[PDB]
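Coordinates from target.cif are shown below (mmCIF, N, CA, C and O atoms).
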data_work
#
loop_
_atom_site.label_atom_id
_atom_site.label_comp_id
_atom_site.auth_asym_id
_atom_site.auth_seq_id
_atom_site.Cartn_x
_atom_site.Cartn_y
_atom_site.Cartn_z
N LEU A 1 2.59 -49.56 115.54
CA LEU A 1 2.10 -50.52 114.51
C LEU A 1 0.85 -50.00 113.79
O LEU A 1 -0.28 -50.12 114.29
N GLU A 2 1.06 -49.40 112.62
CA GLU A 2 -0.04 -48.87 111.82
C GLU A 2 -0.44 -49.90 110.78
O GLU A 2 0.42 -50.45 110.09
N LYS A 3 -1.74 -50.14 110.66
CA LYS A 3 -2.27 -51.09 109.69
C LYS A 3 -3.18 -50.35 108.71
O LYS A 3 -4.20 -49.78 109.11
N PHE A 4 -2.81 -50.37 107.43
CA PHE A 4 -3.58 -49.67 106.41
C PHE A 4 -3.73 -50.47 105.12
O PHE A 4 -3.20 -51.57 104.99
N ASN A 5 -4.45 -49.90 104.16
CA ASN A 5 -4.67 -50.56 102.88
C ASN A 5 -4.15 -49.77 101.70
O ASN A 5 -4.08 -48.54 101.72
N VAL A 6 -3.79 -50.50 100.65
CA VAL A 6 -3.32 -49.89 99.42
C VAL A 6 -4.09 -50.56 98.29
O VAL A 6 -4.13 -51.79 98.19
N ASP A 7 -4.72 -49.73 97.46
CA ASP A 7 -5.50 -50.22 96.34
C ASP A 7 -5.09 -49.41 95.12
O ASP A 7 -5.04 -48.19 95.17
N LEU A 8 -4.80 -50.10 94.02
CA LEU A 8 -4.40 -49.43 92.81
C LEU A 8 -4.74 -50.26 91.59
O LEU A 8 -4.98 -51.46 91.68
N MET A 9 -4.77 -49.60 90.44
CA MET A 9 -5.07 -50.25 89.18
C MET A 9 -3.73 -50.45 88.49
O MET A 9 -3.06 -49.48 88.14
N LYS A 10 -3.32 -51.70 88.31
CA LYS A 10 -2.04 -51.93 87.66
C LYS A 10 -2.17 -51.73 86.16
O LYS A 10 -3.15 -52.15 85.54
N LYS A 11 -1.16 -51.09 85.57
CA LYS A 11 -1.15 -50.84 84.15
C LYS A 11 -0.18 -51.79 83.45
O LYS A 11 0.91 -52.06 83.94
N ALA A 12 -0.60 -52.28 82.29
CA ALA A 12 0.22 -53.19 81.50
C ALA A 12 1.54 -52.51 81.18
O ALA A 12 1.57 -51.34 80.81
N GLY A 13 2.64 -53.24 81.35
CA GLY A 13 3.94 -52.67 81.05
C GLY A 13 4.61 -51.89 82.18
O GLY A 13 5.80 -51.57 82.09
N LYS A 14 3.85 -51.58 83.23
CA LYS A 14 4.41 -50.85 84.36
C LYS A 14 4.38 -51.71 85.62
O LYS A 14 3.31 -51.95 86.19
N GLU A 15 5.55 -52.15 86.06
CA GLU A 15 5.65 -52.98 87.26
C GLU A 15 5.35 -52.15 88.51
O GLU A 15 5.53 -50.93 88.51
N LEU A 16 4.91 -52.82 89.57
CA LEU A 16 4.62 -52.13 90.82
C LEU A 16 5.91 -51.50 91.35
O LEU A 16 5.88 -50.48 92.04
N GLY A 17 7.04 -52.13 91.03
CA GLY A 17 8.34 -51.61 91.45
C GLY A 17 8.73 -51.91 92.88
O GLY A 17 9.58 -51.21 93.45
N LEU A 18 8.13 -52.94 93.47
CA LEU A 18 8.42 -53.32 94.85
C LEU A 18 9.32 -54.55 94.93
O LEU A 18 9.05 -55.56 94.28
N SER A 19 10.38 -54.46 95.73
CA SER A 19 11.27 -55.60 95.93
C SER A 19 10.86 -56.16 97.28
O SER A 19 10.64 -55.41 98.23
N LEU A 20 10.75 -57.48 97.37
CA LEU A 20 10.30 -58.11 98.60
C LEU A 20 11.34 -58.93 99.36
O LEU A 20 12.31 -59.42 98.79
N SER A 21 11.10 -59.06 100.66
CA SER A 21 11.93 -59.83 101.57
C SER A 21 11.01 -60.62 102.48
O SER A 21 9.95 -60.13 102.88
N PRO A 22 11.39 -61.85 102.82
CA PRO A 22 10.55 -62.69 103.69
C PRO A 22 10.39 -62.12 105.08
O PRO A 22 11.31 -61.52 105.64
N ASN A 23 9.20 -62.29 105.64
CA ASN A 23 8.90 -61.80 106.97
C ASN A 23 7.98 -62.80 107.66
O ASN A 23 7.17 -63.47 107.01
N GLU A 24 8.10 -62.88 108.98
CA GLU A 24 7.30 -63.80 109.78
C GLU A 24 5.81 -63.66 109.53
O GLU A 24 5.08 -64.66 109.49
N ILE A 25 5.34 -62.43 109.36
CA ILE A 25 3.92 -62.20 109.15
C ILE A 25 3.54 -61.75 107.74
O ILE A 25 2.46 -61.20 107.53
N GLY A 26 4.43 -61.97 106.78
CA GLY A 26 4.13 -61.58 105.42
C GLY A 26 5.36 -61.25 104.61
O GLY A 26 6.41 -61.87 104.77
N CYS A 27 5.22 -60.27 103.73
CA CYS A 27 6.33 -59.85 102.89
C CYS A 27 6.75 -58.44 103.20
O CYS A 27 5.94 -57.52 103.19
N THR A 28 8.04 -58.27 103.48
CA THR A 28 8.57 -56.95 103.77
C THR A 28 8.92 -56.27 102.46
O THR A 28 9.40 -56.91 101.52
N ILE A 29 8.66 -54.97 102.37
CA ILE A 29 9.01 -54.25 101.16
C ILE A 29 10.43 -53.78 101.43
O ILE A 29 10.66 -52.84 102.18
N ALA A 30 11.39 -54.48 100.84
CA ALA A 30 12.79 -54.15 101.04
C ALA A 30 13.24 -52.95 100.21
O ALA A 30 14.21 -52.28 100.55
N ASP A 31 12.53 -52.70 99.12
CA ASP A 31 12.92 -51.61 98.25
C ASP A 31 11.78 -51.30 97.29
O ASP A 31 10.92 -52.15 97.05
N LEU A 32 11.75 -50.09 96.77
CA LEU A 32 10.70 -49.72 95.83
C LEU A 32 11.13 -48.60 94.90
O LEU A 32 11.89 -47.71 95.27
N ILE A 33 10.66 -48.67 93.66
CA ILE A 33 10.98 -47.67 92.65
C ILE A 33 9.98 -46.52 92.76
O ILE A 33 8.81 -46.67 92.41
N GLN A 34 10.45 -45.38 93.25
CA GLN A 34 9.58 -44.22 93.38
C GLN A 34 9.09 -43.79 92.00
O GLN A 34 9.83 -43.87 91.02
N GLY A 35 7.83 -43.37 91.93
CA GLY A 35 7.29 -42.92 90.66
C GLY A 35 6.46 -43.90 89.84
O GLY A 35 5.84 -43.50 88.86
N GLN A 36 6.44 -45.18 90.22
CA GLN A 36 5.65 -46.15 89.46
C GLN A 36 4.16 -45.85 89.60
O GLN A 36 3.48 -45.60 88.61
N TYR A 37 3.67 -45.88 90.83
CA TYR A 37 2.27 -45.62 91.13
C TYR A 37 2.12 -44.63 92.28
O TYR A 37 2.76 -44.78 93.32
N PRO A 38 1.28 -43.60 92.10
CA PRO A 38 1.07 -42.60 93.15
C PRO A 38 0.55 -43.19 94.45
O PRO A 38 0.89 -42.70 95.53
N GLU A 39 -0.26 -44.24 94.36
CA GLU A 39 -0.81 -44.89 95.54
C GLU A 39 0.32 -45.50 96.37
O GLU A 39 0.23 -45.60 97.60
N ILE A 40 1.39 -45.91 95.69
CA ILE A 40 2.53 -46.49 96.39
C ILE A 40 3.39 -45.37 96.97
O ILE A 40 3.72 -45.38 98.15
N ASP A 41 3.74 -44.40 96.13
CA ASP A 41 4.56 -43.29 96.59
C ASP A 41 3.93 -42.58 97.78
O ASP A 41 4.63 -42.02 98.62
N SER A 42 2.60 -42.64 97.86
CA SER A 42 1.87 -41.98 98.94
C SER A 42 1.77 -42.74 100.24
O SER A 42 1.91 -42.16 101.31
N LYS A 43 1.52 -44.05 100.16
CA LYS A 43 1.33 -44.85 101.36
C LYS A 43 2.40 -45.83 101.79
O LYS A 43 2.44 -46.23 102.96
N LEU A 44 3.27 -46.24 100.87
CA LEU A 44 4.29 -47.22 101.23
C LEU A 44 5.71 -46.70 101.38
O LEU A 44 6.09 -45.69 100.78
N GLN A 45 6.49 -47.40 102.20
CA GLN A 45 7.89 -47.08 102.43
C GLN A 45 8.60 -48.39 102.67
O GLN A 45 7.95 -49.40 102.96
N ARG A 46 9.92 -48.38 102.55
CA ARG A 46 10.71 -49.58 102.81
C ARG A 46 10.45 -49.98 104.25
O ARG A 46 10.28 -49.12 105.11
N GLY A 47 10.43 -51.28 104.52
CA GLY A 47 10.19 -51.72 105.88
C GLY A 47 8.74 -52.08 106.13
O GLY A 47 8.42 -52.76 107.11
N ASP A 48 7.85 -51.62 105.26
CA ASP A 48 6.43 -51.94 105.40
C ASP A 48 6.21 -53.42 105.17
O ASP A 48 6.89 -54.04 104.34
N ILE A 49 5.27 -54.01 105.90
CA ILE A 49 4.99 -55.43 105.76
C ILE A 49 3.61 -55.67 105.16
O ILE A 49 2.59 -55.23 105.71
N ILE A 50 3.58 -56.35 104.02
CA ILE A 50 2.33 -56.68 103.37
C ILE A 50 1.86 -57.99 104.00
O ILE A 50 2.54 -59.02 103.89
N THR A 51 0.72 -57.94 104.68
CA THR A 51 0.18 -59.11 105.36
C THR A 51 -0.86 -59.85 104.55
O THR A 51 -1.18 -61.01 104.83
N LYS A 52 -1.40 -59.18 103.54
CA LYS A 52 -2.41 -59.80 102.70
C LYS A 52 -2.35 -59.19 101.30
O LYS A 52 -2.18 -57.98 101.15
N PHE A 53 -2.48 -60.03 100.29
CA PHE A 53 -2.44 -59.58 98.90
C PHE A 53 -3.69 -60.10 98.19
O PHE A 53 -3.90 -61.31 98.07
N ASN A 54 -4.51 -59.16 97.71
CA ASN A 54 -5.77 -59.48 97.04
C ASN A 54 -6.64 -60.42 97.87
O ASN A 54 -7.26 -61.35 97.34
N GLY A 55 -6.69 -60.16 99.17
CA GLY A 55 -7.51 -60.97 100.06
C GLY A 55 -6.87 -62.22 100.62
O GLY A 55 -7.44 -62.84 101.53
N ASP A 56 -5.71 -62.62 100.11
CA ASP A 56 -5.04 -63.81 100.61
C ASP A 56 -4.00 -63.50 101.68
O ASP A 56 -3.07 -62.73 101.46
N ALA A 57 -4.18 -64.10 102.86
CA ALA A 57 -3.25 -63.89 103.96
C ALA A 57 -1.92 -64.49 103.57
O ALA A 57 -1.85 -65.65 103.16
N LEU A 58 -0.85 -63.71 103.71
CA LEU A 58 0.49 -64.17 103.34
C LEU A 58 1.27 -64.83 104.46
O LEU A 58 2.21 -65.57 104.20
N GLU A 59 0.89 -64.56 105.70
CA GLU A 59 1.59 -65.14 106.84
C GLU A 59 1.61 -66.67 106.77
O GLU A 59 0.57 -67.31 106.63
N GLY A 60 2.80 -67.25 106.85
CA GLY A 60 2.91 -68.70 106.81
C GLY A 60 3.14 -69.30 105.44
O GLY A 60 3.63 -70.42 105.33
N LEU A 61 2.79 -68.57 104.38
CA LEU A 61 2.99 -69.07 103.02
C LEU A 61 4.47 -68.97 102.68
O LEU A 61 5.16 -68.07 103.14
N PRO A 62 4.99 -69.90 101.85
CA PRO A 62 6.41 -69.82 101.50
C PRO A 62 6.66 -68.46 100.81
O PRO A 62 5.79 -67.96 100.09
N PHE A 63 7.83 -67.87 101.03
CA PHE A 63 8.14 -66.58 100.42
C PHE A 63 7.98 -66.62 98.90
O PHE A 63 7.49 -65.68 98.28
N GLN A 64 8.41 -67.73 98.31
CA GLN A 64 8.34 -67.95 96.87
C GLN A 64 6.91 -67.86 96.32
O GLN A 64 6.69 -67.42 95.18
N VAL A 65 5.94 -68.29 97.12
CA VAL A 65 4.54 -68.25 96.71
C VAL A 65 4.07 -66.80 96.75
O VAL A 65 3.41 -66.32 95.82
N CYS A 66 4.43 -66.10 97.82
CA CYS A 66 4.05 -64.70 97.99
C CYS A 66 4.59 -63.89 96.83
O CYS A 66 3.92 -62.99 96.31
N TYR A 67 5.81 -64.22 96.42
CA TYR A 67 6.46 -63.54 95.31
C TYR A 67 5.66 -63.80 94.04
O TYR A 67 5.33 -62.87 93.30
N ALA A 68 5.35 -65.07 93.78
CA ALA A 68 4.59 -65.44 92.59
C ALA A 68 3.24 -64.73 92.52
O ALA A 68 2.83 -64.28 91.45
N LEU A 69 2.55 -64.62 93.65
CA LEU A 69 1.25 -63.95 93.67
C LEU A 69 1.44 -62.48 93.32
O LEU A 69 0.64 -61.89 92.59
N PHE A 70 2.51 -61.90 93.85
CA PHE A 70 2.80 -60.51 93.60
C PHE A 70 3.06 -60.28 92.13
O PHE A 70 2.51 -59.36 91.52
N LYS A 71 3.90 -61.13 91.56
CA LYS A 71 4.25 -61.02 90.15
C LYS A 71 3.06 -61.30 89.25
O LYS A 71 3.00 -60.82 88.11
N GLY A 72 2.10 -62.06 89.75
CA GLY A 72 0.93 -62.38 88.95
C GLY A 72 -0.08 -61.25 88.91
O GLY A 72 -1.05 -61.30 88.16
N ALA A 73 0.16 -60.22 89.72
CA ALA A 73 -0.72 -59.05 89.80
C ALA A 73 -1.18 -58.54 88.43
O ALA A 73 -0.36 -58.30 87.54
N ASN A 74 -2.48 -58.36 88.29
CA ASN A 74 -3.06 -57.89 87.05
C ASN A 74 -4.40 -57.22 87.31
O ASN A 74 -5.27 -57.78 87.98
N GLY A 75 -4.56 -56.01 86.79
CA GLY A 75 -5.80 -55.28 87.01
C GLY A 75 -5.82 -54.64 88.38
O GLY A 75 -4.85 -54.00 88.79
N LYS A 76 -6.93 -54.81 89.10
CA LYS A 76 -7.05 -54.22 90.42
C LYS A 76 -6.14 -54.96 91.40
O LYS A 76 -6.14 -56.19 91.46
N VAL A 77 -5.37 -54.19 92.17
CA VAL A 77 -4.46 -54.76 93.16
C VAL A 77 -4.84 -54.23 94.54
O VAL A 77 -5.10 -53.03 94.71
N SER A 78 -4.87 -55.11 95.52
CA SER A 78 -5.22 -54.72 96.88
C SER A 78 -4.25 -55.35 97.88
O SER A 78 -3.98 -56.55 97.83
N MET A 79 -3.74 -54.53 98.80
CA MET A 79 -2.80 -55.00 99.81
C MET A 79 -3.18 -54.51 101.20
O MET A 79 -3.67 -53.39 101.36
N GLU A 80 -2.95 -55.35 102.21
CA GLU A 80 -3.17 -54.98 103.60
C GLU A 80 -1.74 -54.84 104.12
O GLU A 80 -0.95 -55.77 104.03
N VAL A 81 -1.42 -53.67 104.67
CA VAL A 81 -0.07 -53.40 105.14
C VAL A 81 0.07 -53.03 106.62
O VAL A 81 -0.81 -52.40 107.20
N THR A 82 1.20 -53.43 107.21
CA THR A 82 1.52 -53.10 108.60
C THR A 82 2.86 -52.37 108.62
O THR A 82 3.83 -52.85 108.04
N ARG A 83 2.90 -51.23 109.29
CA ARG A 83 4.13 -50.45 109.38
C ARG A 83 4.69 -50.42 110.80
O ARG A 83 4.16 -49.74 111.68
N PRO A 84 5.79 -51.16 111.04
CA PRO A 84 6.42 -51.22 112.37
C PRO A 84 7.02 -49.91 112.88
O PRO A 84 7.67 -49.17 112.13
N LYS A 85 6.79 -49.66 114.17
CA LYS A 85 7.25 -48.47 114.89
C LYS A 85 7.30 -47.21 114.06
O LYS A 85 8.39 -46.61 113.96
#

Is it possible to give me this structure as structure tokens?
Amino acid sequence: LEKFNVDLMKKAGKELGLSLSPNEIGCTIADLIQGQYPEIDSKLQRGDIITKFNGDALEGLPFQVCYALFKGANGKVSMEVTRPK
């Protein structure tokens, strides 16, 4: 169980490219578009669990809310991630 951080500057017109799936402790990255952001291509992989987005703990929040927060991303983006086994 590795716990790390991802910080990036989102650019207008370029989506983070992450597809999400509900998880007990946050949002699982079910899929991602390689090449969107180097910070993502470098630190994230499918299966990674985002436990916090821009300082807000995602555990327990409805998946739909987590999705909305993700989609609302603008400017500086910060994520706390957990990578199983």

Counting all atoms listed in the file, which residues of segment 25-68 of chain A fall within 5 Å of segment 16-21 of chain A, and what is the closest atom pair for each with its distance in Å at one decimal, ordered by chain and rising number, as CSV?
residue,atom,partner,partner_atom,distance
A:26,O,A:21,O,4.4
A:27,CA,A:21,O,3.6
A:28,N,A:21,O,2.7
A:29,CA,A:19,O,3.5
A:30,N,A:19,O,2.9
A:31,O,A:19,N,2.7
A:32,CA,A:17,O,3.0
A:33,N,A:17,O,2.8

**Study point:** Residues matched by the PyMOL selection byres (((chain A and resi 43 and name CA) around 12) and name CA) as a VMD selection string
**Key:** chain A and resid 2 to 8 32 34 37 to 42 44 to 46 48 79 to 83

Review point. Can you tell me, as a count of residues only, what residues are no more than 6 Å from segment 59-66 of chain A when counting only N, CA, C and O atoms, ignoring any on the same chain fewer than 6 positions away?
Key: 6

Practice item. Name the residues, using the chain letters and numbers of the file, that sit within 8 Å of (-5.2, -56.3, 93.7) when counting all atoms listed in the file, and give them as a list in words. Key: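 Checked against the point, the hits come out as residues 6, 7, 8, 9, 10, 53, 54, 55, 73, 74, 75, 76, 77, 78 and 79 of chain A.
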
Practice item. Mind the document's chain letters and residue numbers, and return as a ChimeraX atom specification the residues of chain A that DSSP labels strand (DSSP E or B). Key: /A:2-9,18-23,26-32,49-53,56-57,76-83

Review point. Do you have the atom CA of residue 11 of chain A-atom CA of residue 84 of chain A distance handy?
Key: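 It comes out at 29.2 Å.
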
Review point. From the list A:15, A:36, A:49, A:58, which residue is nearest residue 71 of chain A when using only C-alpha atoms?
Key: A:15
